[PDB]
Number of protein chains: 4
Amino acid sequence: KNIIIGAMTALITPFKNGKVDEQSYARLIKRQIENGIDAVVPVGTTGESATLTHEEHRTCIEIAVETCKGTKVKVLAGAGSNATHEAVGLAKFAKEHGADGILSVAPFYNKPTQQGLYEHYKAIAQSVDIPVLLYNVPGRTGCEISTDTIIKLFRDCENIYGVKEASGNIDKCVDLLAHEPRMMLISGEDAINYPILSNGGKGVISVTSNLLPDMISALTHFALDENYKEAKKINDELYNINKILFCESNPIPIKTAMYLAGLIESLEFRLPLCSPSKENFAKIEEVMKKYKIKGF
Amino acid sequence: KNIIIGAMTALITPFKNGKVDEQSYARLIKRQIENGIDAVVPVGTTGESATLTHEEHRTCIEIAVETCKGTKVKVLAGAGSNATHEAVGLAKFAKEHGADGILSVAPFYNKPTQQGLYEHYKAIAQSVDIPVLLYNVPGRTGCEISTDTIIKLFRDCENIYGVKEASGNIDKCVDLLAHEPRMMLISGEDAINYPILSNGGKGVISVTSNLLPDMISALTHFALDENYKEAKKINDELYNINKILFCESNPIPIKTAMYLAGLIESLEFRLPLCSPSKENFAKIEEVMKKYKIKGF
Amino acid sequence: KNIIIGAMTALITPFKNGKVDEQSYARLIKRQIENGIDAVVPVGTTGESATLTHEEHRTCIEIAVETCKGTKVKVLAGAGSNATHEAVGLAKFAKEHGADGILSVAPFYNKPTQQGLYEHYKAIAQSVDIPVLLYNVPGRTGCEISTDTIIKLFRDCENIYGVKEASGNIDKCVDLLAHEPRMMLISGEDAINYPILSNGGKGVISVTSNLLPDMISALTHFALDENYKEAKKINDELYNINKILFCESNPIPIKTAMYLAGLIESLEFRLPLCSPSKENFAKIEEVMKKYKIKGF
Amino acid sequence: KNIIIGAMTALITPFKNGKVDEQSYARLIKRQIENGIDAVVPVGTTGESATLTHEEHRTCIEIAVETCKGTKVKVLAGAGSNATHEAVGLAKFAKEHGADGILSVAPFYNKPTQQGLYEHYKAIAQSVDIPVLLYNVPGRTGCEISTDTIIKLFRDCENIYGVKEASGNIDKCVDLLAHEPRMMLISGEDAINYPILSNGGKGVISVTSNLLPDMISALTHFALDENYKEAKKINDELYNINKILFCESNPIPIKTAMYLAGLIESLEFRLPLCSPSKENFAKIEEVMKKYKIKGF
Ligand SMILES: [Mg+2]
Ligand SMILES: [Mg+2]
């Protein structure tokens with residue numbers, strides 16, 4: 001199977017005067033490349049995919065594809081939806097635009113069954129011939145992709161190569177890699193990046209890496225090289241920022257942190273997302289003081 | 001405040017050959033009207049709102065509005081989204097089409113904070129001049145509209161007149177009506193229709209009423225007339241079907257039941273929703289046999 | 001079946017200088033009787049059963065039995081355990097000491113299966129010839145008595161006449177009384193006292209009644225007399241104190257309130273129970289303010 | 001600090017004719033010693049502590065101490081309670097009987113606060129001069145020992161040296177060892193033995209090791225020697241038996257498995273524990289077929 005693994009960043013989407021700040025976006029992606037990131041994830045959850053228009057969806061993928069050309073950095077585009085017909089369209093959309101692969105979140109709100117999840121992803125995988133990474137995050141979607149369903153999709157659809165787990169469930173990560181050790185388990189939960197990698201996970205799709213890409217990059221590759229003491233030390237070091245970056249719903253804290261570090265121009269969200277509380281704004285500001293944040 | 005209360009039905013959306021069975025849709029609404037229902041809710045969760053096109057959304061609202069024209073039956077149209085700018089558009093859209101009001105689900109997946117939920121619904125309420133009913137279903141959305149946020153929105157916005165609760169939390173229903181007794185609490189969970197009504201709830205948005213509209217309407221009206229013994233008696237009789245209609249994710253069982261009862265011609269869903277398992281197919285069929293199902 | 005229903009109080013156990021204040025205990029029980037209570041529950045959870053000696057267990061049961069002589073108030077003694085042989089011993093112990101019935105909590109910590117729970121209660125029920133009330137509180141025990149197991153015990157065991165439910169699950173309360181309407185459902189959660197009674201529950205085992213016995217008694221008796229409007233008015237008025245009495249684990253807040261109202265002499269617990277935070281002490285004091293607290 | 005770490009077994013307590021089979025108990029302990037186990041845990045949860053008499057508690061402890069004399073195997077005695085005064089007595093009781101340390105479960109059922117948990121364990125730690133390992137298992141106790149409380153207890157009481165975690169929460173295990181790397185994190189969940197060890201945990205208190213002590217011992221010591229690839233291979237292979245051993249509440253499955261392998265004579269529990277269902281009996285028998293089970 002063709003795969004996209006290693007240290008990866010779920011890109012935030014900076015807004016300026018309510019529109020996508022394109023200059024910014026490209027500059028942020030180049031900053032990721034220059035700090036050892038292996039792939040970037042445009043218009044994912046952290047990029048506020050829910051509140052972007054389809055044309056802004058096209059714009060950010062194209063910018064990501066164009067910025068990583070000539071580099072080893074891959075573009076893993078967010079291309080999921082809770083209606084299979086649209087998810088297939090967004091996948092073909094993502095491929096047509098040069099994405100190296102797609103991250104396709106489990107259908108949200110409408111709670112498909114495991115049989116439905118299988119047919120959903122089976123349709124997406126047969127739509128394009130680029131790698132497909134499943135994304136399981138039940139706290140947001142209301143559904144869970146079972147280990148059996150993930151394994152069946154991995155074995156039945158050739159371009160489905162793994163799953164990004166955001167479920168706080170190291171039991172499930174043992175289950176997945178013990179029964180199907182060929183799949184690429186991807187950490188979608190920054191605080192537990194190292195434990196997932198230490199059990200055979202092959203990368204992270206990180207929120208923290210927006211702010212500290214060099215540290216998330218070093219952690220991942222230490223782990224992939226089985227230097228577990230070095231990876232665990234960074235994982236331990238980063239725990240405080242990993243937790244405070246979810247003081248409020250992601251991506252509210254990470255965008256607040258990026259603004260505090262002068263990496264984005266304005267702290268703008270699209271409703272129903274909003275700026276954090278003032279207590280949290282200060283809490284985020286206090287944790288950042290203990291880390292070294294790379295510039296441009 | 002202008003309100004829409006009483007026995008209400010979250011209408012299923014029948015498909016035939018992948019298209020909205022428009023004639024069936026109209027016939028199903030007439031069956032609701034003739035069995036004492038007070039309002040119908042087109043293109044809600046039970047209507048597979050997530051997988052309908054915006055023009056199919058329009059068609060079902062228009063069919064619902066005209067089918068109830070000349071009757072007292074009201075149309076509470078589904079018009080929610082997790083992107084505020086889209087939720088405002090669907091609200092004005094629903095008004096334009098003749099809806100008496102809108103049911104607006106809490107933003108799903110992107111987990112807005114309480115501040116964001118407040119701004120989300122305040123933008124929606126200021127979009128139109130028709131009643132707005134909040135819809136709290138945390139198991140689907142990943143977020144909760146707190147009691148304080150519901151009460152604040154009720155007091156600040158003219159058209160926000162209550163909440164449809166589907167959270168299995170009778171405590172919160174006491175919290176809501178004890179601190180704001182003027183609001184319209186609406187049951188969105190058929191099994192506990194009577195306990196919510198007996199505490200001062202003023203209606204139901206029902207899944208079971210698709211199959212048994214006369215039973216759900218009588219239950220609601222017994223309750224509103226303070227004949228709690230008769231409303232509880234129907235609620236107790238309905239428990240078995242109320243539960244089995246969620247053996248799998250709603251609306252997979254209710255559509256199965258409508259097809260088994262010969263009320264729709266084909267048991268078609270739009271992916272990622274699919275037919276139920278064969279064991280649950282048998283369970284729905286067996287529970288249905290103990291209830292009298294009205295024809296057309 | 002012989003039953004013990006109505007307004008009932010889970011009695012706190014006052015300590016003075018590390019010993020049971022037996023005269024304060026007596027004063028408290030007499031205060032309960034004179035405010036319309038139908039039964040008292042000595043050495044339950046609210047009475048810190050876990051940290052009392054078996055000899056102090058006897059003292060409090062006997063004091064309760066002696067204090068209720070000449071009145072209609074029954075003694076439903078706490079006599080449960082997670083070891084079946086001990087729970088049977090405590091049951092015979094309770095009868096031998098004059099209790100009218102026993103409240104028997106579901107085995108805690110060791111998580112028996114449904115088959116094990118049935119055999120547990122079947123052994124207890126055959127040990128004595130006084131009424132036995134099941135107590136389901138999964139947040140404390142780690143186990144749940146399923147509706148089927150409760151029903152089986154009610155139908156198979158003569159002294160098992162109902163269940164005290166403290167599970168925040170109004171669905172289960174419908175489930176129970178719809179399939180076995182002859183059983184006595186007793187609310188063990190003060191905040192949802194009225195909805196449980198309105199669904200056919202026949203009493204409450206209350207924490208709040210320690211502080212506000214007249215209000216809990218009136219609520220219950222209005223409800224039993226089918227005066228649902230008055231029962232709901234009291235339930236809504238009590239919501240604030242009903243919630244704050246669980247700001248920390250019961251009985252920490254209720255004892256703090258009993259001390260604040262001058263009803264007990266010392267704010268003493270037995271470890272691992274301790275005084276509340278200084279903020280929760282403050283909140284309890286504020287909330288307490290809004291209610292008229294009967295003296296002796 | 002003096003510590004007890006490595007591969008450890010939560011010993012089952014075999015019964016024959018309702019009596020502790022003391023002679024099988026000794027035979028089972030010697031089997032653990034001879035298969036590389038570093039410490040044994042008498043009268044814990046897996047040992048059905050709740051249903052043993054205090055005289056059987058002392059008897060099983062003395063057998064454990066006597067069998068491990070002249071060997072490197074330590075006895076970490078179960079000596080916990082939800083009443084601090086009894087837990088202090090049980091601690092003294094354990095020292096008196098020769099135990100090398102105690103495993104002391106968080107108070108169950110009565111849900112003490114963090115402040116109460118602190119004073120509870122501080123009294124126990126100051127009760128004796130032998131190592132104390134905290135035991136956090138919220139699914140059984142109803143309470144959680146927070147990271148802050150564990151850390152405070154570790155720093156303030158010299159004989160408290162770590163915590164056995166049974167909470168399925170790899171985030172918390174990162175939290176613990178990132179903020180206090182000197183403590184001994186011990187796995188209390190067999191399926192995730194490797195991830196806990198790979199993050200710096202120094203041992204396991206295992207259920208599976210009852211049946212496969214050689215495999216659990218090799219797992220732990222591959223891990224302690226940083227041969228993580230070999231430790232992960234054993235963990236992955238044990239996953240199926242690790243999960244099936246909790247098909248029903250522990251220790252019902254492990255005793256069923258021990259009985260199926262001919263390692264104990266009678267499939268006897270003390271109520272409320274009981275034999276498993278016949279479907280789970282068949283499931284346990286089927287998963288066992290894939291492992292080499294060492295005899296006597
Ligand atoms: Mg290298
Ligand atoms: Mg192996």
Side-chain angles (χ1 to χ4, degrees), chain C residues 4 7-16 18-33 37 39-68 73-81 87 90-91 93-94 97-105 108 133 135 137 140-141 164 166 186 188 190 204-211 213 216 245-246 248-259 263-274, chain D residues 82-86 107-112 116:
Chain C
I4 300 164
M8 310 183 263
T9 298
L11 305 169
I12 51 140
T13 301
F15 296 114
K16 171 214 235 167
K19 323 195 276 280
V20 173
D21 194 334
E22 303 183 7
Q23 277 144 71
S24 161
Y25 199 62
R27 249 190 132 199
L28 290 171
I29 295 177
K30 203 248 194 313
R31 178 177 173 269
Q32 289 298 310
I33 297 156
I37 288 290
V40 297
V41 178
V43 293
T45 314
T46 312
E48 290 170 77
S49 200
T51 57
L52 291 172
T53 69
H54 279 171
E55 295 264 29
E56 288 170 333
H57 262 68
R58 185 193 149 156
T59 301
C60 294
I61 298 169
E62 284 187 337
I63 290 175
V65 169
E66 176 70 36
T67 307
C68 289
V73 186
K74 324 268 178 58
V75 172
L76 184 73
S81 157
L90 300 172
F93 190 85
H97 299 336
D100 291 272
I102 57 171
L103 179 66
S104 201
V105 70
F108 43 78
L133 193 79
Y135 181 16
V137 52
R140 287 190 181 268
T141 65
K164 167 190 172 189
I186 304 294
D190 274 296
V204 309
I205 291 173
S206 164
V207 165
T208 306
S209 70
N210 281 285
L211 192 74
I216 286 288
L245 288 182
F246 294 77
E248 306 190 10
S249 302
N250 176 67
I252 297 179
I254 187 65
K255 255 186 162 176
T256 302
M258 293 296 275
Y259 168 83
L263 293 174
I264 54 177
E265 176 169 353
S266 212
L267 185 53
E268 295 182 42
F269 306 84
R270 284 205 189 153
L271 284 175
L273 289 185
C274 63
Chain D
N82 60 359
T84 299
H85 186 262
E86 197 200 351
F108 38 86
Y109 184 72
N110 57 359
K111 290 204 307 318

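We name chains A, B, ... by the order of the sequence lines, and we start the count at 1 in each one.
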Quiz item: Passes side-chain contact (heavy atoms from CB on, under 4.5 Å), C:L28 versus C:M258? Steps please.
Solution: CA-CA 10 Å; C:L28 290 171; C:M258 293 296 275; 3.7 Å; yes
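When every heavy atom of C:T51 is checked against every heavy atom of C:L271, the shortest pair comes out as CG2-O, 3.6 Å. The shortest non-hydrogen separation linking D:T84 to C:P272 is OG1-N, 3.1 Å. For C:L90 against C:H54, the heavy-atom pair with the smallest separation is CD2-NE2, 4.1 Å. When every heavy atom of C:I4 is checked against every heavy atom of C:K74, the shortest pair comes out as CG2-CB, 4.2 Å. Summarising the geometry of C:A94 relative to C:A77, their closest heavy-atom pair is CB-CB, 4.3 Å, with the distance given to 0.1 Å. Nearest heavy atom pair, residue C:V73 against residue C:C68, reads O-CB, 3.3 Å.
A distance of 2.5 Å separates OG1 in C:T45 from OH in D:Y109, rounded to the nearest 0.5 Å. Put simply, CG on C:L211 and OG on C:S206 are 9.5 Å apart, with the number rounded to the nearest 0.5 Å. Once rounded to the nearest 0.5 Å, the distance linking CG of C:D21 with NZ of C:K16 reads 5.0 Å. In this structure, CD1 on C:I264 lies 4.5 Å from CD1 on C:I12, to the nearest 0.5 angstrom. In this structure, the separation between OG1 on C:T9 and CD1 on C:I29 is 10.0 Å, given to the nearest 0.5 Å. In this structure, C:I254 CD1 and C:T208 OG1 are separated by 6.0 Å, a value rounded to the nearest 0.5 Å.
In this structure, D:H85 has no side chain to side chain donor-acceptor pair (under 3.5 Å) partners at least two apart in sequence or on a different chain. Shown here are the side-chain contact (heavy atoms from CB on, under 4.5 Å) partners of C:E62, two or more places apart in sequence or in another chain: C:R58, C:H97. Residues that satisfy the side-chain contact (heavy atoms from CB on, under 4.5 Å) test with C:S49, not counting sequence neighbours, are C:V43, C:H57. Partners of C:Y25 by ring-ring contact (aromatic ring centres under 6.0 Å, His included), not counting sequence neighbours: none found. Qualifying salt bridge (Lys or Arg N to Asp or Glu O under 4.0 Å) partners for C:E265, counting only residues two or more places apart in sequence or in other chains: none. In this structure, the side-chain contact (heavy atoms from CB on, under 4.5 Å) partners of C:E22, at least two apart in sequence or on a different chain, are C:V20, C:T59, C:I63. Scored by the ring-ring contact (aromatic ring centres under 6.0 Å, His included) test, C:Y135 finds no partners at all (sequence neighbours excluded). Every residue two or more places apart in sequence or in another chain that forms a salt bridge (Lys or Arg N to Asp or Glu O under 4.0 Å) with C:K255 is listed here: C:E48. With sequence neighbours excluded, the residues forming a side chain to side chain donor-acceptor pair (under 3.5 Å) with C:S81 are C:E86, listed by chain and number. Take C:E268 and apply the side chain to side chain donor-acceptor pair (under 3.5 Å) test, not counting sequence neighbours, and it matches C:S266. Every residue two or more places apart in sequence or in another chain that forms a side-chain contact (heavy atoms from CB on, under 4.5 Å) with C:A10 is listed here: C:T46, C:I205.
Between C:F15 and C:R270 the shortest side-chain heavy-atom distance falls below 4.5 Å. With a 4.5 Å cut-off on side-chain heavy atoms, C:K164 and C:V105 do not count as touching. Under the 4.5 Å side-chain criterion, counting only non-hydrogen atoms from C-beta, C:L245 is not in contact with C:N250. Under the 4.5 Å side-chain criterion, counting only non-hydrogen atoms from C-beta, C:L103 is not in contact with C:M8. Side-chain contact between C:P251 and C:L273 is present, with at least one heavy-atom pair separated by less than 4.5 Å.
Applying the salt bridge (charged side-chain N to carboxylate O under 4.0 Å, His left out) test to residues at least two apart or on different chains, the pairs with a partner in residues 23-32 of chain C are C:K30-C:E34.
The neighbour count for C:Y259 OH, taken as heavy atoms of other residues, nucleotides or ligands under 6.0 Å away, does not exceed 12.
Listed for the C:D100 side chain is no donor-acceptor partner under 3.5 Å among the backbone atoms of C:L76. For C:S249 (side chain) and D:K111 (main-chain N/O), a donor-acceptor pair under 3.5 Å exists by modelled atom type. Checking side-chain atoms of D:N110 against main-chain N and O of D:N82 turns up a donor-acceptor pair under 3.5 Å.
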